[PDB]
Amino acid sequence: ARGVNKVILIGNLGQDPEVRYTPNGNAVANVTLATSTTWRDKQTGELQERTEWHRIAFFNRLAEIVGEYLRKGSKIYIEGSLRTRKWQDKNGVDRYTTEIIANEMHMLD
């Protein structure tokens, strides 16, 4: 190639995997994944949880694995790549919707 496009996530499945098949027997799976980090309340010192949400897509073998083993709550590790579909704002500002294309996946439960 010439560029690097790489995401590493650890988080939980927000719902049970949704598995489907292309009209020619290809596995496709879509999951929602929540990753968390902590935040310190400045006033009170309370350690509070912050959550980001990500859409992940798996293909073929990996998608089969996902639907075979993973359920809501499942904690997994993931490497993948960002894929974005260009936008346009109410104010005409270019925006970016992002799915993660998964190439690796390690189960952690």
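Start at 1 with the first residue shown and count on from there.
As the entry records it, the average C-alpha temperature factor is higher for 66 to 74, out of 53 to 61 and 66 to 74. In this crystal structure, the stretch out of 90 to 98 and 20 to 28 whose C-alpha atoms carry the higher mean B factor is 20 to 28. Comparing the listed residues 105, 8, 4, 108, the entry records the largest Cα B-factor for 108. In the deposited entry, the Cα temperature factor of residue 48 places it in the highest third of its chain's modelled residues.
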